[PDB]
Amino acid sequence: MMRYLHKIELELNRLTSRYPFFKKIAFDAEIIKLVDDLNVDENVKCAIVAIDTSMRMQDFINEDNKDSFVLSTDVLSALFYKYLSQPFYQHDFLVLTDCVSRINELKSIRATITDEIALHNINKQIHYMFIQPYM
């Protein structure tokens, strides 16, 4: 466990402890191991993990967990923005906010495609959305 992981897990555990309607699903294990070795600040790693988990929670949203999950993806987005604001990481912000825009685009188009190879490729692009710009 790195320093940045302690930081975000501390802040998320505080949220679950304060707001009962915040639900924190597990971070993607593969994306954690990669982020661990990224050449960026502690703050940028937190934003990355925050926004990545935010979007992944998108897929789990039912009618049974929506008044929990929808808002929870929104603080995670707000946290992402909070992590890059003091000091302002302008370049990382422009990059990752673009990633947020593009990952929602790829998920829509994903809903309207059945082709095998095109599914494997777009999923790949969606799964690695927030870490590719840093490799």
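The numbering used is simple: start at 1 and walk along the sequence shown.
Novice: Mean Cα B factor from the PDB record: higher for 77-85, or higher for 99-107?
Specialist: It is 99-107.
Novice: Comparing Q90 with the other modelled residues of its chain, is its CA B-factor in the lowest, middle or highest third?
Specialist: Middle third.
Novice: Please place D52 in the lowest, middle or highest third of its chain according to the CA B-factor in the PDB entry.
Specialist: As the PDB entry reports it, the C-alpha B-factor of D52 lands in the lowest third of its chain.
Novice: What third of its chain, lowest, middle or highest, does the C-alpha temperature factor of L119 fall into?
Specialist: Top third by C-alpha B-factor.
Novice: Would you mind ranking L12 by its C-alpha B-factor against the rest of the chain and naming the third, lowest, middle or highest?
Specialist: Bottom third by C-alpha B-factor.
Novice: Against its chain's modelled residues, does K24's Cα B factor rank lowest, middle or highest third?
Specialist: Its C-alpha B-factor, which the entry lists for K24, ranks in the middle third among residues of this chain.
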